[PDB]
Structure formats: C-alpha cells, structure tokens
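What follows is the residue order along each chain.
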Amino acid sequence: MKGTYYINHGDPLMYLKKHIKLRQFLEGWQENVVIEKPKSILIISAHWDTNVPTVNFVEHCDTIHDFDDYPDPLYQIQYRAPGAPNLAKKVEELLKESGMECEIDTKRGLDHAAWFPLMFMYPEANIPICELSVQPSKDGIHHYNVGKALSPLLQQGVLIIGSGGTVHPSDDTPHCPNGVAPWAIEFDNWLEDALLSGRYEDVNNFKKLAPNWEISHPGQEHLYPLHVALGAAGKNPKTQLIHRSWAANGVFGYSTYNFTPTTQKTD
Ligand SMILES: [Fe+2]
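Residues numbered from 1 in each chain as written, not as in the entry; some residues may be left out. Heavy atoms only, no water.

Per the PDB entry, the protein goes by the name 4,5-DOPA dioxygenase extradiol and belongs to Mirabilis jalapa. As deposited in the PDB, this entry carries the title "4,5-DOPA-extradiol-dioxygenase from Mirabilis jalapa". Quoted verbatim from the Sequence similarities field of the UniProt record, the comment on the protein reads "Belongs to the DODA-type extradiol aromatic ring-opening dioxygenase family." (UniProt positions renumbered as here; feature names shortened; annotations may be inferred.)

Let's shift gears to the side chain of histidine 222. With respect to the helices and strands, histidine 222 occurs in the loop between helix 9 (213–216) and helix 10 (224–232). With a relative accessible area of 4%, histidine 222 lands in the buried category. A polar contact of 3.1 Å, which involves the side chain of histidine 222, links it to the side chain of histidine 9. The contacts of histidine 222, once residues within four sequence positions are left out, are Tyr6, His9, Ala46, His47, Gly164, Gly165, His168 and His217. (Helix = DSSP H or I, 4+ residues; strand = E, 2+ residues; numbered from the N terminus. Buried < 20%, exposed > 50% of the residue type's maximum accessible area, 1.4 Å probe, protein only. Polar contact = N/O pair within 3.5 Å; in protein donor to acceptor, adjacent residues only side chain to side chain. Contact = heavy atoms within 4.5 Å.)

Moving on, we get to the packing of helix 5 (residues 140–150) against helix 10. Helix 10 packs onto helix 5 with a crossing angle of 40° between their chain directions and a minimal axis gap of 6 Å. Our classification of the angle between helix 5 and helix 10 gives oblique. Every pair of crossing elements has a handedness; the one defined by helix 5 and helix 10 is right-handed. Between helix 5 and helix 10, the residues in contact are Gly140, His143, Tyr144, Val146, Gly147 and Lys148 and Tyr224, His227, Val228, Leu230, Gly231 and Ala232, respectively. Looking at the contact of helix 5 with helix 10 residue by residue, the class counts come to six nonpolar, five polar and one charged. (Axes fitted to C-alpha atoms, helices over the stretch in contact; angles between N-to-C directions. Parallel < 35°, antiparallel > 145°, perpendicular 65-115°, else oblique. Left-handed = near helix turned anticlockwise from the far one by under 90°. Nonpolar A, V, L, I, M, F, W, Y, C, P; charged D, E, K, R; others polar.)

Here the structure, examined in full by the defined rule, presents 11 aromatic pairs. Relative to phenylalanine 120, the ring of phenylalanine 116 lies with its centre 5.4 Å away and its plane at 90°, an arrangement referred to as edge-to-face. Placement of the pair is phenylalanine 116 and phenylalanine 120 together in helix 4 (residues 112–121), with a separation of four residues, close to one helical turn. Aromatic side chains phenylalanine 206 and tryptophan 213 sit 6.0 Å apart centroid to centroid with 90° between the ring planes, which places their arrangement in the edge-to-face category. (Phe/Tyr/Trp six-rings, centres within 6.5 Å; stacked < 30°, edge-to-face > 60°.)

Before going further, it helps to spend a moment on the coordination of the iron ion. Only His9 (NE2), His47 (NE2) and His222 (NE2) from the protein reach the iron ion as donors, at distances of 2.0 to 2.1 Å. Mapping the donors of the iron ion onto the primary sequence gives the spacing H-x37-H-x174-H. Taken together, the residues span a long stretch of sequence, with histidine 9 in the loop between strand 1 (4–8) and helix 1 (21–27) and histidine 222 in the loop between helix 9 and helix 10 at a distance of 213 residues. Since its relative accessible area comes to 4%, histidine 9 is described here as buried. (Donors = N, O, S within 2.8 Å, 3.2 Å for Na, K, Ca; no water.)

The subject of this paragraph is the pattern of salt bridges. This model, assessed by the stated rule, comprises nine salt bridges. Linked by salt bridges that have partners in common, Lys89, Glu92, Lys96 and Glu101 make up one network. (Salt bridge = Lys/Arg side-chain N within 4 Å of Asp/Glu carboxyl O.)

Once that is clear, we can look at helix 6 (residues 182–197). Helix length check: helix 6 (16 residues) gives 22 Å between terminal C-alpha atoms against 22 Å at 1.5 Å per residue, within 8%. Within the sequence span of helix 6, burial applies to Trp183, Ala184, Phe187, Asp188, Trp190, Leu191, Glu192, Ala194 and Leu195. The secondary structure elements touched by the buried residues of helix 6 are helix 7 (200–204), helix 8 (206–209), helix 9, helix 10, strand 7 (238–243) and strand 8 (256–260). Of the residues trailing helix 6, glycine 198 is marked for its positive phi of about 80°. (Expected span 1.5 Å × (residues − 1).)

By the element assignment, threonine 239 lies in strand 7. For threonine 239, the contacting residues outside a window of four places in its chain are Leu195, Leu196, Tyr200, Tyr257, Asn258 and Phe259.

On to the UniProt feature "binding site: Zn(2+)" in the protein, then. Here, the residues flagged by UniProt with the feature "binding site: Zn(2+)" are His9, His47, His168 and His222. Considering the C-alpha atoms alone, the annotated residues occupy 214 residues of sequence yet fold into one spot, their largest mutual distance being 12.5 Å. Setting aside its immediate chain neighbours within four residues, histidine 9 contacts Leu22, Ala46, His47, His112, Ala113, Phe116, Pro117, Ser163, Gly164 and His222. Engagement of the side chain of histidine 9 in a polar contact is seen with the side chain of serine 163, the distance being 2.9 Å.

As structure tokens, this is what we get:
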C-alpha cells in the first residue's frame, strides 16, 4: 500500500499475550502493509496533547512508559529508535508555510502511542521516528488541516501514521464482554461508511453527524490522529479498511485505515 495510515496502538497488555489479533496485524506490517522501508516515520500521537501542534526534535528517542498499573515487564521495554530531527524541522516549516503554528520540543522521546505499535511493525528500531501532538480542544477540521499541510512529505519517503483508538470510551462506560456494544458498532460503521464513501467533510464534522461519538470519544484525542493522517493523504484520497478487531470488553475497537492518495503536490 501507499499513502498514510490510522492505526491503533492498542492495549499494552498484548505485549504479554498470544492471541490478540491487533498485535498479529501490527507484526505483519512489513509483509502485508508497507513493503518498502520508509526513510522516516511521523507518528501523530493520541497521547501527546498540546494546545498547538508540537513535534519532537531529538537524536535518540527515549521510551516513555506513560501508562498506569501494568505488569513490570511493560516498563522495561526499550524501543531504541533514532529520532528524526530533519523530519521535525520539515513538519514545522510545512505547518508555518500553511499559516498554522508549530512548536518544537527538543527533549521528549516517544510515548507508547508511538513505540508500542512500532516495536511490532519495525522491531529493529532503525527507522528515524518523529512524533506530532494532537490538540484535543480543537476540532476535526483543525486536525485535517494539519495533515493537509504535511502531504508533501509523502513524496519524500515519509511514512505518516496516526496512532489512536477508533472507539475509545471512558473507563466508566460499562462493558459488553466478548461482544460489541451496539452503540460502538453504530459509531464504527458510520465512520467506515463515511470514509469508504469519500465523505471526508462528514468525518471532520463527526460531532454533528456521527451516532454515539459522545460515548466513543468523550475526549476525542484518540480519534483526532485519524483526521491528521487523512489530511496528509492529499485531496480525494481513497480509504480502505485493513484491520478490524475489538477488545474483549466489547467497547474498545481497533478499526484500522489506509488512505491512498490519488493526487500529488507540485514538483
Ligand atoms: Fe491510547
């Protein structure tokens, strides 16, 4: 495939498990999704929440274990990827050239939205990684425009990946164990239909249109990486669903999308 992706980083517990389909999908990334080695990777992280777009600019990525109450082994994982400082500067220029602000963090490593799926996709940790934050108090259209500014990166060998959670309710939302709560089916299906239809404006305006977005994304920070990845695919991309699974609690969903460009930018 070519283009950009919206993936789910999933449950860190899957590191210890054998039968999680999302992990199998991620492990097969280089065989089934992206054959060609990318020059660098831009991860739009649901777990880096800022006021204005921010990008990290480091030579070596720390591994940030920003998650609570997991088993000890999870905190010993190191994903020793190189940073991507030139990619970071290029993201800052592209955003500013489009009239958007962008700040640069020269210390922050990768949070688990980045390193956790990447350690399955690219276990050799030899691809330069740069993370981009989301701005959860801004709307879907903001995030789409951040991505649109970034689409020239596609012709430069950059793999752009939004890392979120397609259905990501509050911890207080009751479970439907080993099933799928109908509200979550409804939201997931609406989103799939909007994307496969090419109704990308609807996706940007999900708050006005999507059923049960209040349950699926009370904060939205796990959805907004989709808008950035979608915008980064340029005008009129074609979307396809490349993985779907659900957590055993029946209310977290991992629908995964590829956005294939049909247009390009100037020489
Ligand atoms: Fe998450």
